[PDB]
Peer 1: 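Dropping a structure here in C-alpha cells format, bear with me for questions.
Reminder, nothing fancy here: chain letters follow the sequence lines and each chain counts from 1.
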Amino acid sequence: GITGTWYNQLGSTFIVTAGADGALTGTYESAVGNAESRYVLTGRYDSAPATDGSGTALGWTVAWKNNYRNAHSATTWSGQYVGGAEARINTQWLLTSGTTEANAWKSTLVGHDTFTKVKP
Amino acid sequence: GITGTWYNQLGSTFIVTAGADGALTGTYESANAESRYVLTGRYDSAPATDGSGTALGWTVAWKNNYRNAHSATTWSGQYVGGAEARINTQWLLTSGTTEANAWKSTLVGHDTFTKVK
Amino acid sequence: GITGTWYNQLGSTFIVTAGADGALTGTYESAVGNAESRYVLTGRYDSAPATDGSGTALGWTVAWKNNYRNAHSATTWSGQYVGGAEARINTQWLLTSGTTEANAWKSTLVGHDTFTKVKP
Amino acid sequence: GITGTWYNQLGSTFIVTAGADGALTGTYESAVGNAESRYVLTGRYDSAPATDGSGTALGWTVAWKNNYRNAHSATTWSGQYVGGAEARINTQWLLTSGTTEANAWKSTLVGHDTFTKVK
C-alpha cells in the first residue's frame, strides 16, 4: 500500500504511514533545494478508493523548517497511488516561498515527481 | 494569525488551528455536515518579519462519512497578516483515474481566503 | 471581442489581434521581471465558441527576448475570454527558464493573471 | 535543432519549424496522423540561448479546433529544448476549456509531456 519508504526520480526520500482515518504522516528528505536532513510531512488520502482499476488520490505538505534550517517555503504534492508489481505514486507539486507582495508573482514553482519503492 | 475561520471567494469556509510545532489541522466545508471534510497541513512556524508572507500548505481528501469523490486537493500559498489579512493560494486537485485517463487527472486553480465573508 | 488592448492586475500591457483563422498576434509589455519594452507574442483561440454561455478558450506565448534584453525564458498563458459589461480574460500561466539539468527542478514558475480593457 | 518532427510519451506528434527570429509554427497531430487529428500550432522560442549548458526556453499553443472538429479548448506547453544525441523537449502544459463562470473552477487541467526525435 501507501505505507512505506519511497524515492522520487531525483533521490529524495519519502517515508510515509497511511492510517485508517485517511491520515498521512511521516518525514521527507530532499535531494534538491535549500534543505538539509528530514522534515515533517502531513497529508490525506482516499481510504476507500474505487474498485474499477483507478488509483488512490492523495496529497501532502512539507514546510521547509526543521531544527537546522528554515527556507521560509512549503511544498504540496498532489497525485495518486497506483498499485501493482511496481507500486508508484505520480504527483504534481507546488512550492511557494514567503515573499513580499511586490515579489508574489514569482513566489510559486511547479513540477512533477514520480515515486517508487526502489531507488532511481 | 492563521488560527481561525477563513472564507474563499466562492462560498467555501474552513476552520484551522495553527499549532506551535508547524501543524495545520481543521475542517474544510465546500458549501451542512455532509460537506465537511478533514484538512491537514504544515506552515512555517518561524516566518521572517521583513514584510514577507508565511508559507503554508494543506490537503483535503474528498471523503467523509457521507460522500467520496475519489479525489484530493492541495493548496500551496502564503498567509499575509494585517487589517486585511489574506491566505493567497494556488491549488491542485487530483482524481483517482485509470492509467489511460491519467493525463486528465489533475485540475489547477487559485483561491484567496479572507477573515470576513 | 478579444482584439484590443488589455491590462493585467499588475499593469502589464497585452496588445492582441484575433484573426478570423484562430490566430493571436501582438505584443506584450511586462510590469515585472527581467523585461523592458514590448515583446512579440503569438497564440491561438477558438474562433467558433459554444453558444451555451461558455467562455472562449485561448492561449499565447512570449519568449522574453527582444532587441534590448534576453531573459532566456518564456511564458505561456492559458485561459478563456469572458464577455460581459466588463469583458475579461482569465488565465493561468507557466514561466519556464532555460536551465542546466541540475537546476531543471526549479525551472518553472506558475501563477494566474486576469486581464481587462481598463488599467487598474 | 528544434525544427522537425517530435513525438511525446503518449503517441502524439508535432512537426514544427523554428524561424530565425524566434517563431514556432507547425502542426500537432495524433500518432495515426489522419487529417481530423491535425491542428495548427504557434509559439515562440529563445533564438539566442545561453552558452553555459542551459536549455532553450520555448512555448506554444494549440486551440483544439480544426476544419472537422471543435473541442472548445486550448493547450499551452511551456518548457525547454535540450540538444544532443538524446535531444529532448521537456514541457509542462495547461489545458483550458471554455466554461460558464459557475464551472470555471474546473476549467484547467495541468500535466507534463516529454518529446523526443524518435517514437
Side-chain angles (χ1 to χ4, degrees), chain A residues 21-25 28 39-66 70-82 84 88-104 107-110 112, chain B residues 19 21-25 28 37-64 68-80 82 86 88-102 105-108 110:
Chain A
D21 56 322
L24 299 179
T25 59
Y28 200 95
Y39 295 84
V40 173
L41 70 95
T42 64
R44 300 291 294 169
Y45 74 104
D46 178 4
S47 58
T51 54
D52 62 1
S54 295
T56 300
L58 51 67
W60 70 94
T61 301
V62 171
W64 298 107
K65 177 192 184 317
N66 64 13
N70 193 351
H72 302 304
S73 65
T75 301
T76 62
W77 289 258
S78 181
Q80 61 179 315
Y81 162 88
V82 181
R88 188 168 298 261
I89 301 175
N90 294 319
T91 70
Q92 293 182 90
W93 54 259
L94 299 172
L95 164 52
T96 303
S97 293
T99 67
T100 62
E101 297 284 36
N103 294 323
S107 66
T108 309
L109 292 164
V110 63
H112 49 99
Chain B
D21 63 347
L24 298 180
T25 59
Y28 199 94
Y37 299 82
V38 172
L39 78 92
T40 301
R42 301 287 297 167
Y43 76 105
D44 179 5
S45 53
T49 307
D50 64 355
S52 301
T54 300
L56 52 68
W58 71 90
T59 305
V60 171
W62 298 107
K63 175 189 182 299
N64 62 20
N68 190 350
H70 304 309
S71 65
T73 302
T74 62
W75 291 255
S76 177
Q78 53 187 319
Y79 160 84
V80 180
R86 297 281 184 275
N88 297 316
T89 70
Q90 302 188 82
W91 54 257
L92 295 172
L93 164 49
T94 302
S95 292
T97 70
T98 60
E99 297 179 8
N101 293 327
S105 66
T106 307
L107 293 161
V108 60
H110 49 95

Peer 1: Which atoms of B/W62 are under 4.5 Å from chain A, going by heavy atoms: the side chain, the backbone, both sets, or neither?
Peer 2: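 Looking at B/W62, nothing touches chain A.
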
Peer 1: Which one of A/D46, A/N90, A/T56, A/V110 has the most heavy-atom pairs closer than 4.5 Å to chain B?
Peer 2: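 Result: the option with the highest number of such pairs is A/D46.
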
Peer 1: Under 4.5 Å heavy-atom distance to chain B, tell me which part of A/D52 shows up: side chain, backbone, both or neither.
Peer 2: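 Just the backbone, heavy atoms under 4.5 Å.
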
Peer 1: Any side-chain heavy atom of B/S52 within less than 4.5 Å of one from A/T99?
Peer 2: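 Contact flag for B/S52/A/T99 side chains = no.
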
Peer 1: Give me the one residue out of A/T75, A/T61, A/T76 that meets side chain to side chain contact (heavy atoms under 4.5 Å, CB included) with B/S76.
Peer 2: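 Exactly one candidate clears the test, A/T76.
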
Peer 1: If I measure from the heavy atoms of chain A, does B/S105 come under 4.5 Å with its side chain, its backbone, both, or neither?
Peer 2: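 The side chain, not the backbone.
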
Peer 1: Heavy-atom distance under 4.5 Å to chain B: side chain of A/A48, backbone, both or neither?
Peer 2: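 Both backbone and side chain.
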
Peer 1: For chain A, find which of B/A48, B/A69, B/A102 contributes the most heavy-atom pairs closer than 4.5 angstrom.
Peer 2: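 The answer is B/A48.
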
Peer 1: Pick one of side chain, backbone, both or neither for B/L56, based on which atoms fall under 4.5 Å of a heavy atom in chain A.
Peer 2: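 Just its backbone gets close to chain A.
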
Peer 1: With a 4.5 Å heavy-atom cut-off, do A/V82 and B/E99 have their side chains touching?
Peer 2: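 Yes - at least one pair of side-chain heavy atoms lies under 4.5 Å apart.
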
Peer 1: Go through the steps to decide whether B/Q90 and A/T96 satisfy the test side-chain hydrogen bond (donor to acceptor under 3.5 Å, both in side chains), and finish with yes or no.
Peer 2: CA-CA 9 Å; B/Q90 302 188 82; A/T96 303; 5.7 Å; no

Peer 1: As an exercise, state the distance from CH2 of A/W60 to OG1 of B/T40, rounded to the nearest 0.5 Å.
Peer 2: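 The distance works out to 14.5 Å.
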
Peer 1: Closest approach of B/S71 and A/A57, non-hydrogen atoms and distance?
Peer 2: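 Heavy atoms of B/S71 and A/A57 come nearest at CA-CB, 3.5 Å.
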
Peer 1: Flag the pair A/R44 / B/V38 as yes when at least one side-chain heavy-atom distance between them is below 4.5 Å, and no otherwise.
Peer 2: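 Yes. Closest side-chain heavy atoms under 4.5 Å.
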
Peer 1: Please classify the contact of A/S47 with chain B as side chain, backbone, both or neither, using a heavy-atom distance under 4.5 Å.
Peer 2: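 Contact with chain B is through both the backbone and side chain of A/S47.
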
Peer 1: Please name the pair of heavy atoms, one in A/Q80 and one in B/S95, separated by the smallest distance, quoted to 0.1 Å.
Peer 2: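 Closest approach of A/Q80 to B/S95: NE2-O, 3.7 Å.
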
Peer 1: Counting heavy-atom pairs under 4.5 Å with chain B, which one of A/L95, A/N103, A/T91, A/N70 comes out on top?
Peer 2: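 That would be A/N70.
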
